[PDB]
*Asks:* 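Okay, handing you the structure first.
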Amino acid sequence: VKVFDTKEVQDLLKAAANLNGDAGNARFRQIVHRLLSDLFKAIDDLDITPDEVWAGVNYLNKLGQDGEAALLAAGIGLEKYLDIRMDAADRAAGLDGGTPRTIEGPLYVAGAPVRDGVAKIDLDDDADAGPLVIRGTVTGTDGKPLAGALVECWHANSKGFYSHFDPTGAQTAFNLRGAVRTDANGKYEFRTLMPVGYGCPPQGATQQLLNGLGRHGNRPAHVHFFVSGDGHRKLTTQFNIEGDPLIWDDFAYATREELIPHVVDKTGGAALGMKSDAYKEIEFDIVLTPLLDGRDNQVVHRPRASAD
Amino acid sequence: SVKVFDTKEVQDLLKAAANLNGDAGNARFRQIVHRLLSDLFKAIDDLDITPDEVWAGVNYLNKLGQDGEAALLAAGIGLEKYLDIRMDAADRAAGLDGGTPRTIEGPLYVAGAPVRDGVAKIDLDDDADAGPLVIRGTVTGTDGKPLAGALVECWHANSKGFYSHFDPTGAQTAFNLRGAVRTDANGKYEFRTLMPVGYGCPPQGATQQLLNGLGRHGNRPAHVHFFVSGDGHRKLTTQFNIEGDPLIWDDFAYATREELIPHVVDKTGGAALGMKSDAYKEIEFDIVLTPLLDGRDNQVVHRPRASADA
Ligand SMILES: O=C1CC(Cl)=C(Cl)C[C@H]1O
Ligand SMILES: O=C1CC(Cl)=C(Cl)C[C@H]1O
Ligand SMILES: [Ca+2]
Ligand SMILES: [Ca+2]
Ligand SMILES: [Ca+2]
Ligand SMILES: [Ca+2]
Ligand SMILES: [Ca+2]
Ligand SMILES: [Ca+2]
Ligand SMILES: [Fe+3]
Ligand SMILES: [Fe+3]
């Protein structure tokens, strides 16, 4: 049967969204009416059964009980889609030359201590991860180095786990998480260990949905960044570790070809405080976009974990 | 505002995310996911929904599930009623619209209540503020003949608006105000209970947070829930509302039906029936069940339901 176009259904949608209500949050009512209307039409069009609907309702309970709604947002492409719309806006405005954005993901932790120029961020021993230096120069789109810019990174350990989100046991606070203010020449450096990519929690709601679609829930090895500086927009980006077999099969659709730097083998590690003489080095330079009339039209406010 | 939805990049992303071009799998599930995601992406594009707005919605979904309230929200934004509208329309088209009208189940059924023959007393806990109530009727098929041994199940709230197994102020006795009766040889059932009071959504929970955002209340009028089943017939999900409740036509779950507001009668003689006062109220609520078409019930609903041991 098809009922969506009937007066009874359209009146129910108007009442459920309180479109005819006293002055209120008009924007919220507009969004709720649109999403509810679309859901009702999809149920009608695809003949979605009550059993199927209640299975979707039950899934929403599990999704939130697991705390995984933002992980699902990445896994079904919604987080990438937000980047697509931001990129389209920048393109229409004539912007080029900045380091490409990519997704934040759900695992930022606020409050990491800020160091000048260089930070050692591996606080916990990890025998299976080799030492890694990440270094680079931050500039603006005019090519000039940005001094005092804030470069933040976070990444996983050799088991694919992040501090504050490790199910096998608590890591030291801010393990593999750090913030550096660039030096006078725009330079930043992190001394860390090499990340390994991971999968979604195997019994969690995100992987349950992915299993139902026939999809894996894995990401290639990567390092996250936030980069900010006076006169410039905040950049959310990442880089992928070259050579990872999942680099073009990320379940969160986040890989970009300009964000895959070369990995160089180096010696002299002990004088840098690394745990072995031989280590890997990645040079990741970063270009920030200036503000427009003092405004950052793309910084994102969302719930984020914190720690002391 | 940009418009990207109808670009190859976005359509390719939707196909990958729902795995449309994947190896053999659950095509139906992939079809539903692709449709829901596509509509969501189009709505974000059409209404210029900002990342901050999207992450607030994602955060709400986390709170909804953490509260265990997705089924309460399904009732509150009309989705549960909408499923009834579609079932009613299918019944009308098939000629299976001759029985007592359906209405929503709601999320508070509990399996395992004790069953009695003919008559059941289901108020196990005292409730000084609720007066005694007899609910009785006859179960027939659409041809009018009584159905013997049909199962009539009842559940409802106490005077504070709380159900057993879902009372936040303290545990009720298992299956307080929950019972089942097997009809007698002439189709009769009777419940002896206490009068329910209507209630509201948990005030701090996700459902009321969203309703507050819309400017709506989260209250229901007083009512009694029923399942009725019997061999050879479809399972009926229905309710009745208590006459005179001011919320009767302003139910936050849109479940009231004019056919399901029975006359309440004042009676005396309660003590002889095991009621706590001489005066009591009686509601007659007859049930007409539809015979199975082709031996199968194609409107019965399987959903997660609580259960308990008596
Ligand atoms: O750190 C990460 C963990 C998860 Cl689940 C996503 Cl979705 C992104 C990735 O960067
Ligand atoms: O028992 C009830 C409680 C809630 Cl929340 C709904 Cl939605 C329906 C009503 O029958
Ligand atoms: Ca340029
Ligand atoms: Ca240490
Ligand atoms: Ca450990
Ligand atoms: Ca549409
Ligand atoms: Ca008693
Ligand atoms: Ca007794
Ligand atoms: Fe990550
Ligand atoms: Fe109820």
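First the proteins, then the strands, lettered A, B, ... as listed; each starts at 1. For the numbers below, each heavy atom of this structure counts, side chains included, while hydrogens, waters and symmetry mates do not.
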*Asks:* Heavy-atom distance under 4.5 Å to chain B: side chain of A:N58, backbone, both or neither?
*Replies:* side chain

*Asks:* Can you find a pair of side-chain heavy atoms, one from A:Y81 and one from B:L40, that are under 4.5 Å apart?
*Replies:* no

*Asks:* Among A:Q298, A:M86, A:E79, which has the most heavy-atom pairs under 4.5 Å with chain B?
*Replies:*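 Top option by heavy-atom pairs under 4.5 Å: A:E79.
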
*Asks:* Can you tell if the side chain of B:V301 reaches within under 4.5 Å of the side chain of A:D51, non-hydrogen atoms only?
*Replies:* yes

*Asks:* Under 4.5 Å heavy-atom distance to chain A, tell me which part of B:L20 shows up: side chain, backbone, both or neither.
*Replies:* neither

*Asks:* Sub-3.5 Å donor-acceptor pair from the side chain of B:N19 to the main-chain atoms of A:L213, do we have one?
*Replies:*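 Between the backbone of A:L213 and the side chain of B:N19 there is a qualifying donor-acceptor contact (under 3.5 Å).
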
*Asks:* Can you confirm whether A:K14 is buried at NZ, in the sense that more than 12 heavy atoms of other residues, nucleotides or ligands lie under 6.0 Å from that atom?
*Replies:*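 No - once you tally the heavy atoms of other residues, nucleotides and ligands closer than 6.0 Å, there are 12 at most.
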
*Asks:* Backbone N or O of A:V3 within a donor-acceptor pair of the B:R86 side chain at under 3.5 Å?
*Replies:*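 No, the answer is negative, given that no donor and acceptor are paired below the 3.5 Å cut-off.
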
*Asks:* Side-chain contact test, heavy atoms from C-beta onward, threshold under 4.5 Å: evaluate it for B:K81 versus A:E8 and give yes or no.
*Replies:*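 They are in contact (side-chain heavy atoms under 4.5 Å apart), so the answer is yes.
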
*Asks:* More than 12 non-hydrogen atoms from neighbouring residues, nucleotides or ligands closer than 6.0 Å to CZ on B:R92, yes or no?
*Replies:* no

*Asks:* By a 4.5 Å heavy-atom criterion (distance strictly below it), what part of B:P304 contacts chain A: side chain, backbone, both, or neither?
*Replies:*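 Side chain of B:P304 only, per the 4.5 Å heavy-atom cut-off to chain A.
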
*Asks:* Side chain, backbone, both or neither: which part of A:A15 has a non-hydrogen atom closer than 4.5 Å to chain B?
*Replies:*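 A:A15 touches chain B through backbone and side-chain heavy atoms alike.
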
*Asks:* What heavy-atom pair brings A:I76 and B:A17 nearest, and what distance separates the two atoms?
*Replies:* O-CB, 3.4 Å

*Asks:* With chain B as the partner, which of A:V32, A:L78, A:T49 has the greatest number of non-hydrogen pairs under 4.5 Å?
*Replies:*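 Greatest number of close heavy-atom pairs with chain B: A:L78.
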
*Asks:* Quick test of your reading of the model: are A:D45 and B:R35 salt-bridged, counting only N-O distances below 4.0 Å?
*Replies:*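 A salt bridge is present here (some side-chain N lies under 4.0 Å from a carboxylate O).
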
*Asks:* Is a side-chain N or O of A:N61 found less than 3.5 angstrom from the main chain of B:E69, in a donor-acceptor match?
*Replies:*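 Such a contact is found between A:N61 side chain and B:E69 backbone.
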
*Asks:* Need one label for A:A92: side chain, backbone, both or neither, based on atoms under 4.5 Å from any heavy atom in chain B.
*Replies:* neither

*Asks:* Measure B:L47 against the heavy atoms of chain A and call it side chain, backbone, both or neither at under 4.5 Å.
*Replies:* both

*Asks:* Can you tell me which portion of B:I44 sits under 4.5 Å from chain A's heavy atoms? Options are side chain, backbone, both or neither.
*Replies:* both

*Asks:* To the nearest 0.5 Å, how far apart are CG in A:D11 and OH in B:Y254?
*Replies:*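 One gets 11.0 Å once the value is rounded to the nearest 0.5 Å.
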
*Asks:* Counting only heavy atoms not in B:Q204, do more than 12 fall under 6.0 Å of its CD?
*Replies:* no

*Asks:* Please classify the contact between B:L211 and chain A as side chain, backbone, both or neither, with a heavy-atom cut-off of under 4.5 Å.
*Replies:* neither

*Asks:* Could you check whether any side-chain heavy atom of B:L61 comes within less than 4.5 Å of a side-chain heavy atom of A:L72, counting everything from C-beta outward?
*Replies:*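 Result no, sub-4.5 Å side-chain heavy-atom pair not found.
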
*Asks:* When heavy-atom pairs shorter than 4.5 Å are enumerated against chain A, which of B:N26, B:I32, B:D23, B:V300 gives the highest number?
*Replies:* B:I32

